[PDB]
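S.K.: The sequence isn't on hand, but the structure is:
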Ligand SMILES: Nc1ncnc2c1ncn2[C@@H]1O[C@H](COP(=O)(O)OP(=O)(O)O)[C@@H](O)[C@H]1O
């Protein structure tokens, strides 16, 4: 407590954040990538590792095959996650894992074996004293100052909407949808090939992601905006590539995020995000509908596109009943909020009963996490 | 002006009929008071009483009182619309005169010969 | 997997030419279609409910031909004239037929105090329409209906003289008309009163059919005398709000405005560290 | 999971599936353990039972909008009858939405809803409540077959063993005037000292019971016997074409975890309704339908 | 000008149609007074109404 602070480690699908509990800012945020060399190294004395992890891997993008250990919110390479956790504990923070508790976040709906494997890895090798698993979407509402409301989360893995009612996650009304930032980046490639610019390797995917981050916005009205873009060239902007070339994105700036609202562009038969949130509220009982319409919180990396707030408000107004209290509450720091909620939750004195001791794990195997943490 | 001309004329034509109307109305109220003096009939075979007639008379007076101001506003706006228009007309005509005369003198091109 | 369609399509349309109170009447008659579809009375479009928008401008709202009552929405309604000419067409790519409006047109020419006319073709009401002495008030609901007028129907009313006989047989003050062999027609100043009378007369007809079957004769039944039978809420105001509220709870985007709130909404438990809400 | 928001409707009678979809959302056991300074365990349990009875009455179609009322007794030391508030539909009724009023109609508990109760509609139940201290549950129902049975001269006929199980039937003639206190006196006269089923002519069918299960049993037997009579009296056309069962001979020959005489149907339909997802919280006589696997 | 006078036609016919409805409503009900004095009083009231309607026949 006083002597040692619990480690708050947020394992997002695209980025990984780490810091100490009770602190405002995470100490280290880095991409969750692992790269392996693809070319023969002929310089004898310059020093080449077998694999590069994190920011060191992203510095040398040209000579590596970048691989993501987390795929669609599901871990597909567990020793790769051992590497990313080793890099987090030893290099970024320079603290031993055996002397501090750790806090882990997770998707609202994950397989049981995934939780068991995380617990087994965290106790067996790192020998951490105490650990706890929390739902990613719950901690955002704690960071919001709220205990009742609907939380929409969208990262690089998957986009899900949950309702929370005085700290209770309703399991039936949690809805999932496969519209993440990675799919938007792939669609950005697919629409960039029209102008004449071709990107094909995993190195250029980071360039396309940076283009998506820096030059995109959400149209309030799609049909008017297409006519506006066809009429004039005032919407066009120029981006300057790492090799010195200059591209003109032009029309596609409001075509990249539009796959969120109309998933038929990507070939998916599912409904839009607004319909997903509307159906998520529709599945709950009547009594809590009024405080779900009157209380909506946006979170996640994808939700920082400019103009997403007004478009979201209009699209959820179009589906809501008449004279209904509708408001969207989007904090400016909405994709650092999960770490903030984790540090807040670890800061409390009544939270210290949540910790799982080493003796408890040694007695009850890796299956104790589900009984101890509901 | 001419529509609002003739509408002012038939408004003061309507006041002459209003004089006949109030003469008939006070004749009727005197006859009704004469009827009311003997054994007090209110209205033996008709819905109409004195106070209903007074009410509709006041109502008509209120509406003509409003409509005289309405016509005053209309005629004021119409005359205010011609005044700046016919100010504009003479300035436009002087504009035409000077521009055609000066451009015709320069169109002759005799300045380069006589010097 | 669902029949559920948002009954309010006024915001997504953002077009057309509307009156100052038209967009509420559209939603109200669309809701009337939804209720008559849900009870199983009608499924196939035969120009059942007609509404007058304004006393002076006429421009009566009817359903398009070809769209079943389940699929009718607010923007799909068609504003026609008294003769059958198209005043305004909504977003409905269907051929326009105003033949069924002719049944309501002379009633519009007869009584102005009615705005809503509801015609039925249910088997019970059509059996009562074929029932030669008409509705026998042997039940409480038939007593609640009121007085009736009976009119012979030859199936056509384009003729200039048939209209005179229709408005003769309707009478000056009668809000229920029974056409022989052609079901029933209900007449109301508001859609609420007309819907209430439709429901009550349908229940009375359903009672009467079973009664005439089971008794086998008039003498086996009892009939209470019409002379013996002989804040403020309007005749259909109270029930129709409950129906609209229940459809709102299910999820239909009913545009009907509620006169009084449902729940008290006790003030919730407030924290100061809230981010201030809304997107402004 | 994998279930539509609203259930697809039948060609006829969309009210059944529609109220099913509404009950999927709204639980009838609205109470979850909040503060209740006036509630008792028996009062809360009877509130849940009454809400479930309202939803079951809506589910079979034994309902004519909101013009019928069902009242129960809290069985406190003074008055306190529970009634639905005036205005809410039967599929909207929850446990906390029910309104406790007095015998003369004074609202002692306004409940969770702002809608007041109908003062005129409670006098019919108040006449029965003042008539008998034994009665505790009064159900007023309106089905078309029952209305057709009430509209005929002869009334109910002993043609089925279920009508014989009904026993003596009190008949109340349609005055149609609502003359208040003498109307109450005439109800007391026609109902008699002991009776199970009342038929209020040309308007409705009334069941009275010491418990909710008893009233449900009586009204179910009455409705089913009425719709038995409807077809056969139509086809007969006279006494020369109808066999009448002898009441006395048939009744003489025919006659804790243990069930009551009317708890079986109530518990079976409660099992059905909880399998639907209404989560009524009713105390079952046996918690499981079958033995747990070993 | 002709569209203006058509809209005046609509506004003028509105009152006429409402009045036709209103005297339809009041001639619909029948309540004769008891005995010959009240009967003939109702008769002369009817003649008053009949003389009243001929005034608006001109407006029609
Ligand atoms: N400033 C920004 N502008 C636009 N998009 C951004 C921005 N920052 C992050 N993103 C998008 O968010 C994604 C990262 O989401 P992240 O918050 O890491 O997900 P998780 O919740 O799994 O941690 C990136 O793919 C990127 O496209």
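M.R.: Yes, it's here. Numbers count the residues shown, from 1 in each chain, chains lettered A, B, ... in the order given.
S.K.: Please enumerate residues in contact with the host helix or strand of residue E:57?
M.R.: Residue E:57 belongs to helix E:35-59 when assigned by DSSP states H and E. Residues from elsewhere that reach helix E:35-59, judged by C-beta atoms under 8 Å, 6 or more residues apart in numbering or on different chains: B:45, B:46, E:16, E:19, E:23, E:27, E:32, E:33. (C-beta placed from N, C-alpha, C; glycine too.)
S.K.: want to throw the residues you listed into JSON lines with neighbour count, secondary structure and distance to the ligand?
M.R.: Output for the contacts of helix E:35-59, formatted as JSON lines (neighbours: other C-beta atoms under 10 Å in any protein chain shown; DSSP: H, G, I helix; E, B strand; the rest coil; distance: C-beta to the nearest ligand atom, whole Å):
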{"residue": "B:45", "neighbour count": "12", "secondary structure": "coil", "distance to the ligand": "87"}
{"residue": "B:46", "neighbour count": "11", "secondary structure": "coil", "distance to the ligand": "83"}
{"residue": "E:16", "neighbour count": "12", "secondary structure": "helix", "distance to the ligand": "68"}
{"residue": "E:19", "neighbour count": "14", "secondary structure": "helix", "distance to the ligand": "69"}
{"residue": "E:23", "neighbour count": "14", "secondary structure": "helix", "distance to the ligand": "74"}
{"residue": "E:27", "neighbour count": "12", "secondary structure": "helix", "distance to the ligand": "77"}
{"residue": "E:32", "neighbour count": "10", "secondary structure": "coil", "distance to the ligand": "87"}
{"residue": "E:33", "neighbour count": "12", "secondary structure": "coil", "distance to the ligand": "88"}
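S.K.: can those go into JSON lines with extra columns for distance to chain D?
M.R.: Below are the contacts of helix E:35-59 laid out as JSON lines (distance: C-beta to the nearest C-beta, whole Å):
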{"residue": "B:45", "distance to chain D": "38"}
{"residue": "B:46", "distance to chain D": "39"}
{"residue": "E:16", "distance to chain D": "40"}
{"residue": "E:19", "distance to chain D": "38"}
{"residue": "E:23", "distance to chain D": "34"}
{"residue": "E:27", "distance to chain D": "31"}
{"residue": "E:32", "distance to chain D": "27"}
{"residue": "E:33", "distance to chain D": "28"}
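S.K.: Give me the longest helix you can find in chain D.
M.R.: Secondary structure of chain D per DSSP state H: the longest helix is helix D:212-236.
S.K.: Would you pull up the residue in chain B closest to chain E?
M.R.: Closest approach between chain B and chain E, counting by C-beta to the nearest C-beta: residue B:45, at 5.4 Å.
S.K.: List the residues that contact that residue.
M.R.: Shown in contact with residue B:45 (C-beta under 8 Å, 6+ apart): E:41, E:44, E:45, E:48.
S.K.: Just give me the neighbour total for the first one.
M.R.: Neighbouring residues of residue E:41 were enumerated by other C-beta atoms under 10 Å in any protein chain shown; the total is 14.
S.K.: Kindly report the same for the second one.
M.R.: Number of residues near residue E:44 (other C-beta under 10 Å) recorded here: 11.
S.K.: how much space between the residue of chain B closest to chain E and chain C?
M.R.: Distance of residue B:45 to chain C, computed by C-beta to the nearest C-beta, to the nearest Å: 24 Å.
S.K.: what does residue A:12 give?
M.R.: Taking C-beta to the nearest C-beta, one finds residue A:12 at 22 Å from chain C.
S.K.: check contacts around that residue.
M.R.: Contacts of residue A:12 by C-beta under 8 Å, 6+ apart are A:32, A:155, A:156, A:157, A:301, A:338.
S.K.: Format the residues you listed as JSON lines; extra columns: secondary structure and distance to residue D:219.
M.R.: Formatted as JSON lines, the contacts of residue A:12 follow (DSSP: H, G, I helix; E, B strand; the rest coil; distance: C-beta to C-beta, whole Å):
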{"residue": "A:32", "secondary structure": "coil", "distance to residue D:219": "66"}
{"residue": "A:155", "secondary structure": "coil", "distance to residue D:219": "57"}
{"residue": "A:156", "secondary structure": "coil", "distance to residue D:219": "61"}
{"residue": "A:157", "secondary structure": "coil", "distance to residue D:219": "57"}
{"residue": "A:301", "secondary structure": "coil", "distance to residue D:219": "61"}
{"residue": "A:338", "secondary structure": "helix", "distance to residue D:219": "57"}
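S.K.: Give me the buried subset of those residues.
M.R.: With neighbours counted by 16 or more other C-beta atoms under 10 Å in any protein chain shown, the contacts of residue A:12 contain buried members at A:32, A:155, A:156, A:157, A:301, A:338.
S.K.: What sits closest to the fourth one if chain neighbours are left out?
M.R.: Distances taken as C-beta to C-beta, 6 or more residues apart in numbering or on different chains put residue A:13 closest to residue A:157, at 3.1 Å, once the chain neighbours are dropped.
S.K.: secondary structure class for the one you found?
M.R.: At residue A:13 the chain is in coil, as set by DSSP: H, G, I helix; E, B strand; the rest coil.
S.K.: Look up how far chain C lies from it.
M.R.: Separation of residue A:13 from chain C (C-beta to the nearest C-beta): 25 Å.
S.K.: Is there a neighbour count for that residue? I'd like the number.
M.R.: Other residues within reach of residue A:13, judged by other C-beta under 10 Å, total 23.
S.K.: Please apply the same query to residue A:67.
M.R.: Counted with other C-beta under 10 Å, residue A:67 comes out at 16.
S.K.: Quick check: chain neighbours aside, which residue is closest to it?
M.R.: residue A:34 (5.4 Å).
S.K.: Show me the beta-bridge partners of that neighbour.
M.R.: Under DSSP bridges, the beta-bridge partners of residue A:34 are residue A:53, residue A:67.
S.K.: what helix or strand is whichever residue of the stretch 1-150 of chain C sits closest to chain E on?
M.R.: Residue nearest to chain E within the stretch 1-150 of chain C: residue C:56 (4.9 Å; C-beta to the nearest C-beta). Per DSSP H and E: residue C:56 is located in neither a helix nor a strand.
S.K.: so what's it up against?
M.R.: By C-beta under 8 Å, 6+ apart, residue C:56 lies in contact with E:10, E:11, E:14.
S.K.: still on that earlier bit, any idea how far chain B is from the residue nearest to residue A:157?
M.R.: For residue A:13, the distance to chain B equals 69 Å [C-beta to the nearest C-beta].
S.K.: just checking, that residue touches residue A:74?
M.R.: No - the pair residue A:13 / residue A:74 is not scored as a contact, 9.4 Å apart, by C-beta atoms under 8 Å.
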